[PDB]
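Colleague: As they sit in the full assembly, here are the leading chains:
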Amino acid sequence: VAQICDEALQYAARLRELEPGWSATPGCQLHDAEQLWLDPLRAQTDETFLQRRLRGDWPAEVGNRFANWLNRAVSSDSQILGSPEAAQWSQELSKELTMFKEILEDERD
Amino acid sequence: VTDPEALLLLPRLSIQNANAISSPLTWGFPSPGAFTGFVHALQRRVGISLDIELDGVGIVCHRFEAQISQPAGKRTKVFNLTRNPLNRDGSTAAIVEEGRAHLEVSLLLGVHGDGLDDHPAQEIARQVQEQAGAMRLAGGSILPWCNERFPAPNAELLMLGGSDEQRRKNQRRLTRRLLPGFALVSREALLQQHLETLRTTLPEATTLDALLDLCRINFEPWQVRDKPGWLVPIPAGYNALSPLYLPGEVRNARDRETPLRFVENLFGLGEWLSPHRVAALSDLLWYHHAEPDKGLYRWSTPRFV
Amino acid sequence: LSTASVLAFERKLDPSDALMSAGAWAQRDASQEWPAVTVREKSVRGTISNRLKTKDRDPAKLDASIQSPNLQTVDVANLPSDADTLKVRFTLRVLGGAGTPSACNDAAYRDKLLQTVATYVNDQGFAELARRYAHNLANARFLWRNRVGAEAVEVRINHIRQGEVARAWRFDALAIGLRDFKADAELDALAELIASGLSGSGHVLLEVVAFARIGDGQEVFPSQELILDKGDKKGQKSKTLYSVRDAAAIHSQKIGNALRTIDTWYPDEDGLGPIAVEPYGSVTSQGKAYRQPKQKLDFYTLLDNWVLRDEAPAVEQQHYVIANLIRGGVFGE
């Protein structure tokens, strides 16, 4: 799962070079917060307060996206945690979320 | 043989017309000994005047194509070639085949020098980066500076001196510029315990990597076995079987003041890793050593984990 | 002092494989975003137009064999229907240390060759070879078949020291020919640059951009590759072209071979123009190796009597030796 998160980081790195025009456009609502890791080029139309919509250094909802991906990866049942590796799946998900928070601690910045 | 005073990264070492085969049993990414010789020659033409010392290399292998083609939909490949010039009789030349690839790499090294002891930082880094693009590395010329020069100037990132938490954040301040590649490290202990663990049929040694570039399965009496990565053989050193010689003993050497030994190839395997899944970036260097008591002229990655 | 029987030299003036991209004329000075002219697929139905044998003709077998033709799916690289020009862009460098071999046994032969190349440079400069290697960038010989029938082909050269143009020169490649060597005023400054960088100092870097106005939608000619035979008689021929980043490109050795057309000193005639400077100087588009070992003018004889026997050839044909030093090779028997 950490290798899958590293593959997601590699996908973010591959997306981090093929974006000449990164700004608001048709189809950028979810990509306005989804453009944190996929940081586009610095928008010329931004003012001196350009660090809110085109310079958003808020990779805390990326933890929410990792939580959504962990909840949608495998359906955690209500009785599959009787052993020490069923809630340990949630512990590994928390470790992956900590690694994602450390990785996206300076994503847009 | 030690972790460096400071690292040195070169982010898009875009090279060109490389050697693909590099050994008689593979054709993909070239030998790591080519890169260790590359940095020995860089040390020879730089560090005798700038007083540094280079031991290990770091491969990341961003993108890699090969001039290969598929003949008529078979389960094989061929090579694209280059036209040799005309023979003296002037009909056609003795055409000889070799693989030629066009890859992308970025090399991080290991320094025992005065890059911030008696010289300044980006002066040393800039002179080494400016001087590196005048020499070949795998039989192929480096594609020089272009629009890829725009991220190319670098720091000279120290490791041995700093805060511990900033040791972490400096090595992952070096990881942030290294994402879409996949680093090459050896699996020497995995070679050892994966031939020794699987010795329940026969004790042969060269059958290890000869039985890994394939889909091993003992199927249902449809379940593809747990691949642990990218199992692929690499040329992992040089066994010199015959004894030493002299410049006057065996003639037709290159220089007549250095001895000659006929040598053969050696095959370990090297996994491909994303740079996130390491212990530290000083734990992945391809060093060099020679044991002339043996025949083993073998390079290695000490402490890959 | 004898011949060093492991002897070699490196490439100097070693260009890169040039990508190709197309667009319209007079939008030519904003050519950083032109689309890649990728190799595409079509398929031809052939016929029998071969020179068949002298007494195997059989005027019924010919009609029986033309009705079953051969089937080839060959490739092509057209321009788009909007495009009118062709961009050819490569990067060039000189490595310096011209006379120094990268492989030499004898420190006696190398010792003689030291002051050989040293008094050659100290006697006269490379300005002969500077203008001769500048007339394979100042015209557009490096685009090979794209030059014929082009109605306006021109090459824009610009030298960089920093990440920006130091001094740029802009040409008209069909004014000077493929045949004549003439000195200009926008050329001798380039000649001093390539000369004083081509000696042993360090490196130089030049980006070459050529605009061959080949027409509208008309095909270009990227270099193909050799293949061995494929195991089919329906997809047997394919004419596989060369691509770098999904983009039709000329090989590096061909685009450096067009640099290497220098010598008019080969003894046959001044009719063909220059050929590629080669040991035993041989042309693919002529068939046979000129400068036979019977005549004196082949390479090893000139180099040996200008180094071992110390009998210098005339300065008319001395430049051949330094030109295929700049080419480099593997020498000895």
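Modeller: Noted; the coordinates are in hand. Numbers count the residues shown, from 1 in each chain, chains lettered A, B, ... in the order given.
Colleague: Have a look at chain C and report its longest helix.
Modeller: helix C:109-123 (DSSP state H).
Colleague: chain center to that one: distance?
Modeller: What separates the centre of helix C:109-123 from the centre of its chain is 28 Å, taken as CA atoms, centre = their mean, to the nearest Å.
Colleague: How about stretch C:269-278?
Modeller: Going by CA atoms, centre = their mean, where stretch C:269-278 is centred and where its chain is centred differ by 13 Å.
Colleague: does any bit of it sit next to chain B?
Modeller: Yes. Using CB under 8 Å from any CB of the partner chain, stretch C:269-278 comes into contact with chain B via residue C:278. (C-beta placed from N, C-alpha, C; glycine too.)
Colleague: circling back: which positions in the longest helix of chain C come out as buried?
Modeller: C:109-110, C:113, C:116-117, C:120-121 (16 or more other CB atoms under 10 Å in any protein chain shown).
Colleague: What are the buried residues along the helix or strand that it is followed by?
Modeller: Downstream of helix C:109-123, the next assigned helix or strand under DSSP states H and E is helix C:127-134. Burial within helix C:127-134, assessed by neighbour count using 16+ other CB under 10 Å, is assigned to C:128-134.
Colleague: now those in CSV, with distance to residue B:286?
Modeller: Rendered in CSV, the data for the buried residues of helix C:127-134 read as follows (distance: CB to CB, whole Å):
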residue, distance to residue B:286
C:128, 46
C:129, 41
C:130, 42
C:131, 46
C:132, 44
C:133, 39
C:134, 42
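Colleague: The residue nearest to residue C:287 when sequence neighbours are not counted: helix or strand, and which one exactly?
Modeller: In space, not counting the residues next to it along the chain, residue C:287 is nearest to residue B:90; the distance is 6.5 Å by CB to CB, 6 or more residues apart in numbering or on different chains. Using DSSP H and E, no element contains residue B:90; it sits outside every helix and strand.
Colleague: could you list every residue that touches residue B:90?
Modeller: Neighbour list for residue B:90: C:282, C:287-289 [criterion: CB atoms under 8 Å, 6 or more residues apart in numbering or on different chains].
Colleague: Could you chop chain C up by domain?
Modeller: C:1-10+C:98-125+C:262-333, C:11-97+C:126-261 (curated CATH domains).
Colleague: Farthest-apart pair in the buried residues of helix C:127-134, please.
Modeller: Farthest apart among the buried residues of helix C:127-134 by CB to CB are C:128 and C:134. That separation is 10.7 Å.
Colleague: thinking again about what came up before, just the buried residues of helix C:109-123 now: which is nearest chain B?
Modeller: Nearest to chain B among those, counting by CB to the nearest CB, is residue C:110 at 10.0 Å.
Colleague: include chain D as well:
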Amino acid sequence: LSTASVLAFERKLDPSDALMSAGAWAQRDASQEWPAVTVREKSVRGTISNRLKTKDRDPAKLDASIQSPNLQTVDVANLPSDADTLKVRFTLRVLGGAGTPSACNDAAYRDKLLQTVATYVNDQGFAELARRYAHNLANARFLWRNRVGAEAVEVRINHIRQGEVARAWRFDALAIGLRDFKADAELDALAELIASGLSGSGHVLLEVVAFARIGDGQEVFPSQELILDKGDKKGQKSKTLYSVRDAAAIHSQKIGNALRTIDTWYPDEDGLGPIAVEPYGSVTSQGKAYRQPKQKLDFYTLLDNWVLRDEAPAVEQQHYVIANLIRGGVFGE
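Modeller: So, slotting chain D in with the rest:
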């Protein structure tokens, strides 16, 4: 005297692909933005319409194989339903220097071949041969099956040297016929332009617009690739069409082949129709070869009995040898 074992030529009449697009008549003048005829597909259902030699033609095989399906997927290209014309637009450029070969072995064969072509040219120009190529653009033969059953075909030919128009030509391709070669005062100017571009005096780029009206939502015939009637999962693609960037089109070799339909000098007939100039001049549709090598009158006998054996090929048929040189190909052993 010997001949050459390896010899070649450039093609000197080199067209482009011809991308097709439909639209309505009489607003054809504004046809810069007509949408391309897009290759669709459809599913057809086969039947039995093939010969059976009665090795299994039982009282059950036919009325079993009728109920046995052989349904297929073909590719087809119709017009838009409110369109009745087809626009086919390619660019033609002529190189020049017609007989100077590309790569030839001997230095002795090539000089007398070049002087053979030069004594041809100052003997008589390219005028008759350029007229015979002009009657394959005025008569829009390059519309192969898109011409038959067309009510009105017309041809626009402008002349491009820069981003401009020098002269135009409007050719009613049905009033003049495919059969007879006749001269017009406006057609001989285009013959003069191709005769100057083939001589060497001035490069020439032409674009050829072809407005063949067919009918409302009818079916046009673009080019067809090599079909892969492969190992289906019960019904696969059985014909495929030549597409470009979202546009059906004709290959360049097909509208070159329709443009070099020159010779009526073949010995079997002369007025039944001209065919395309080739060595052992043959037709794929007729399934035969006119000018057998049993006869004298092909290319591979006229060439080595006019270069080597110095005999005149009877000026009536000397135009064929030069037209087959303008074709260009692989000559020699």
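Colleague: once more on the nearest residue to residue C:287, this time with chain D?
Modeller: Ranked by CB to CB, 6+ apart and with sequence neighbours excluded, the top spatial neighbour of residue C:287 is residue D:105, at 3.9 Å.
Colleague: what's that neighbour in contact with, if anything?
Modeller: Contacts of residue D:105 were listed using CB under 8 Å, 6+ apart, and they are C:286-288, D:4-7, D:332.
Colleague: Neighbour count says what about those? Which are buried?
Modeller: By the neighbour-count criterion of 16+ other CB under 10 Å, the contacts of residue D:105 include these buried positions: C:286-287, D:4, D:7.
Colleague: The stretch 51-200 of chain C: helices as residue ranges?
Modeller: In the stretch 51-200 of chain C, helices defined by DSSP state H, counting those that start in this stretch lie at C:61-66, C:109-123, C:127-134, C:188-198, listed in chain order.
Colleague: Can you lay out these as CSV showing distance to chain D?
Modeller: Output for the helices of the stretch 51-200 of chain C, formatted as CSV (distance: least, CB to the nearest CB, whole Å):
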stretch, distance to chain D
helix C:61-66, 5
helix C:109-123, 34
helix C:127-134, 24
helix C:188-198, 29
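Colleague: Residue D:236 is nearest to which of these?
Modeller: Taking CB to CB as the criterion, helix C:61-66 is the member of those that comes nearest to residue D:236, at 29.4 Å.
Colleague: The residue nearest to residue B:262 when sequence neighbours are not counted - how many residues pack around it?
Modeller: Spatial nearest neighbour of residue B:262, excluding adjacent residues (CB to CB, 6+ apart): residue B:242 at 4.9 Å. Residues within reach of residue B:242, counting by other CB atoms under 10 Å in any protein chain shown, total 11.
Colleague: next one: residue A:90
Modeller: If you count neighbours by other CB under 10 Å, residue A:90 ends up with 12.
Colleague: is it true that it touches residue A:76?
Modeller: Yes. Here residue A:90 reaches residue A:76: they are 7.4 Å apart, a contact under CB atoms under 8 Å.
Colleague: Can you give me the end-to-end span of stretch B:247-254?
Modeller: Distance between the two ends of stretch B:247-254: 9 Å, counting by CA to CA, to the nearest Å.
Colleague: That one close to chain C?
Modeller: Yes. Contact between stretch B:247-254 and chain C, assessed by CB under 8 Å from any CB, occurs at B:251-254.
Colleague: Which element, helix or strand, includes residue B:238?
Modeller: Residue B:238 is part of strand B:233-239 when elements are defined by DSSP H and E.
Colleague: Go through that strand and flag the buried ones.
Modeller: Along strand B:233-239, these residues count as buried under the neighbour rule (16+ other CB under 10 Å): B:233-238.
Colleague: ditto for stretch C:7-22
Modeller: In stretch C:7-22, the ones that count as buried by 16+ other CB under 10 Å are C:7, C:9-22.
Colleague: put chain E onto that model:
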Amino acid sequence: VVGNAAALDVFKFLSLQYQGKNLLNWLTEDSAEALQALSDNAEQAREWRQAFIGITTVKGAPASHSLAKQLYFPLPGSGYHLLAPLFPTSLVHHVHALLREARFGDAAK
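Modeller: One more piece, chain E, placed on the ones above:
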């Protein structure tokens, strides 16, 4: 190995004397049965022993050509033993034995 041996019929009627016996064990020396299994004197058996002791002649010090791909290998802070690698033919055909065994015939079908 190829060498220059052109007569295959002189080295094709001498190989089945060691397939099942030790007639391939007299290919270097110790030809007592190799001199008893001739029926002739010491001259003809000595000519055969010379042709057998030259079939694997090893002088110890080979020669080389300029295109033998001679490579410097760096010692640990010391000089340079230059290496000329070669192309192991029966080893590559051993790889071909295993590959042609496991590519078609048995394992593919």
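Colleague: same question on the neighbour count of residue B:242, but with chain E included?
Modeller: Using other CB under 10 Å, residue B:242 has 15 neighbouring residues.
Colleague: Just the CA atoms of stretch C:258-272, as CSV, please.
Modeller: Taking C-alpha atoms only, stretch C:258-272 is exported to CSV below (Å, rounded to 0.1, in the frame of the first residue of the first chain):
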residue,chain,number,x,y,z
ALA,C,258,26.7,16.1,-43.9
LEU,C,259,29.0,18.3,-41.7
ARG,C,260,31.9,16.2,-42.9
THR,C,261,31.8,17.0,-46.6
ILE,C,262,35.0,18.9,-46.7
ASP,C,263,37.7,17.8,-49.1
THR,C,264,38.0,18.9,-52.7
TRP,C,265,41.6,17.6,-52.7
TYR,C,266,40.8,14.0,-53.9
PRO,C,267,42.9,13.5,-57.0
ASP,C,268,40.2,12.5,-59.5
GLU,C,269,38.4,15.7,-60.5
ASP,C,270,36.8,18.8,-59.1
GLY,C,271,33.4,17.8,-60.6
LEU,C,272,31.6,16.0,-57.8
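Colleague: contacting residues around residue E:72?
Modeller: Under the criterion of CB under 8 Å, 6+ apart, the contact partners of residue E:72 comprise B:37, B:254, B:258, E:80, E:82-83.
Colleague: can you pick the most crowded of the residues you listed?
Modeller: For these, neighbours were counted by other CB under 10 Å; the highest total belongs to residue B:254, with 24 neighbours.
Colleague: Surely that one touches residue C:6?
Modeller: Yes. In this structure, residue B:254 sits in contact with residue C:6. The criterion is CB under 8 Å, and the distance is 5.6 Å.
Colleague: which residues do those two both contact?
Modeller: Each of C:103-105, E:70 lies in contact with both residue B:254 and residue C:6 under the rule CB under 8 Å, 6+ apart.
Colleague: Show residues contacting stretch B:214-230.
Modeller: With CB under 8 Å, 6+ apart as the contact definition, stretch B:214-230 has outside contacts at B:271-273, E:102.
Colleague: Now do the strand holding residue B:238: which elements does it pack against?
Modeller: helix B:32-50, strand B:183-186, strand B:260-273, strand B:296-297, strand B:299-300 (3 or more CB pairs under 8 Å, 6 or more residues apart in numbering or on different chains; DSSP states H and E).
Colleague: which element follows the first one toward the C-terminus?
Modeller: Toward the C-terminus, helix B:32-50 is succeeded by strand B:64-66 as the next helix or strand (DSSP H and E).
Colleague: got it, and the third one?
Modeller: Downstream of strand B:260-273, the first helix or strand assigned by DSSP H and E is strand B:287-288.
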